[PDB]
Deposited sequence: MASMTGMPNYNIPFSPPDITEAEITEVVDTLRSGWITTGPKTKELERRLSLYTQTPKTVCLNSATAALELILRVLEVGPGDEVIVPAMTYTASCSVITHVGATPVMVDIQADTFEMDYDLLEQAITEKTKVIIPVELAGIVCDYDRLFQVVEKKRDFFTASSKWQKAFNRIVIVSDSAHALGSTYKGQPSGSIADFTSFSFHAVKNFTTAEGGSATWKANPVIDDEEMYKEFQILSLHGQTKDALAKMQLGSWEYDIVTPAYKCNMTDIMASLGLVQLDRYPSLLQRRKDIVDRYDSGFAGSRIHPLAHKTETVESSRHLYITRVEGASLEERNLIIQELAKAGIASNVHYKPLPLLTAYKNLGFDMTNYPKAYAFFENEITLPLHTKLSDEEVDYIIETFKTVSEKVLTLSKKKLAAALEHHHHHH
């Protein structure tokens, strides 16, 4: 066994669709990107979707639309990927980190209330492993602190509150109380990066739920303008703002079209693998995050586990013992304050003890659609034997 962590799942159907684009007159943004956006909108139950070159691009663009900028604050969990936070610093806003709960990755929503100020413009929860956050709660928090809010831009007037922007890089296809991810938070960004559930090798999207206060075409145009240098017998164009360059090509969209056709089948397989893993670890010290709750049906992107009674050293040893057995594994995630970039900005790990405690004993097992049932069986058994073995 040599089990990789997240190989891409690409078949001939994807290759023929890309080849088709390469024989067309449209190799960058064109008809298949528009078609992809249409079909993703239907899938996520949103009116419009903007397809871009990364989820990092989408998330940033969302901030840029809301015109979040210097002196504004944006709240992120301490336990997340660097990308959710980096974009806050790109627009010149100030990140505010919120520690997490004891038995989940989700922010402590009391600490979230306490973190909110008159500067607070946006909250970016992360839908880690595909597991969507407690949005009933999150929407209660922003309504509750709604008098703190003052709208300093066009779109901030439309909402008269903190905008909730979902980092659903892991959560295309997840649902919360039966609704698709993308239709829950005010804005949502998705990732189609090589290692994600749905891939275009590099890509992503921004979308937003139906809301009477948003003209959808106008919002789409605004995203488009910012993604293509601010540009608006037809030679003549103007440039309204010296903007960015993060459009999606029809090469990536071709991949996306086919992935989206195959996607219900990929999800089902990831359900089967997660359920086998779940049975395997029941009764053991290995405690997976739950992909099926009363409110959530996860996309089942990552098999996040934590090992009861493991220290930092013991965890790091377990991972290296897993690789000796031919099992690649990962850690999601170092809390942001462990990272040099965020220490240099004054964030300190001792302020987020729960985030640190989640990270210390966390191990992510392979969860992708090229795993065989026998490989899963092998992972279950080896992980159990290796954990117990890590001993003195």
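Inset, instruction - Return the ranges of the deposited sequence not covered by C-alpha coordinates, sorted by sequence position. - result: No coordinates exist for the deposited residues in 1 to 9, 242 to 250, 411 to 427, so these stretches are absent from the model.
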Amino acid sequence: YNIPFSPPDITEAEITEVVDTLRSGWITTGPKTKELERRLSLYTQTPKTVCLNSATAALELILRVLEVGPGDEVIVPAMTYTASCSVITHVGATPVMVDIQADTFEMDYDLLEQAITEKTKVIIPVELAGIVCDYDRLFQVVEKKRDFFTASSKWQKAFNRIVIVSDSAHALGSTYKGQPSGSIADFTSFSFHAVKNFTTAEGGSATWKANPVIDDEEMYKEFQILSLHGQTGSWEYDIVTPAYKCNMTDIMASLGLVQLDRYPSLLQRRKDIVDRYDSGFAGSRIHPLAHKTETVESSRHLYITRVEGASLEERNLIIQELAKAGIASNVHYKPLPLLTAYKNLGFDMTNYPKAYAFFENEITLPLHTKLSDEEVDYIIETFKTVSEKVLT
From here on, numbers count along this sequence of modelled residues.
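Legend entry - Selected stretch [higher average CA B-factor]: 73 to 81 or 143 to 151: Between 73 to 81 and 143 to 151, it is 143 to 151.
Inset, instruction - Between 310 to 318 and 169 to 177, point out the one with the higher average CA B-factor as the PDB entry records it. - result: Mean C-alpha B-factor is greater for 310 to 318.
Legend entry - Residue selected from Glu127, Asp275, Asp136, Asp250 by maximal Cα B factor: Each of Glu127, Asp275, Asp136, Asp250 was compared by C-alpha B-factor; the highest is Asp136.
Inset, instruction - Could you check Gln156, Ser189, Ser86, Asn197 and tell me which one carries the biggest Cα B-factor in the deposited entry? - result: Answer for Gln156, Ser189, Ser86, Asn197: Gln156, with the highest C-alpha B-factor.
Legend entry - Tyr43, C-alpha B-factor rank within chain (lowest, middle or highest third): Ranked within chain, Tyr43 CA B lands in the middle tercile.
Legend entry - Within-chain third of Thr11 by Cα B-factor, per the entry: Top third by C-alpha B-factor.
Inset, instruction - Consider only the C-alpha atoms of the modelled residues in this chain, order them by B-factor as the entry records it, and name the third containing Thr49: lowest, middle or highest. - result: Middle third - that is where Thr49 ends up once the chain's C-alpha B-factors are sorted.
Inset, instruction - Quick one: classify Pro288 as lowest, middle or highest third of the chain based on its Cα B-factor. - result: Lowest third, going by the recorded CA B-factors of the chain.
Inset, instruction - Determine, from the deposited record, the chain-internal third of the Cα B-factor for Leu345: lowest, middle or highest. - result: For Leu345, whose C-alpha B-factor we compare with every modelled residue in the chain, the answer is the highest third.
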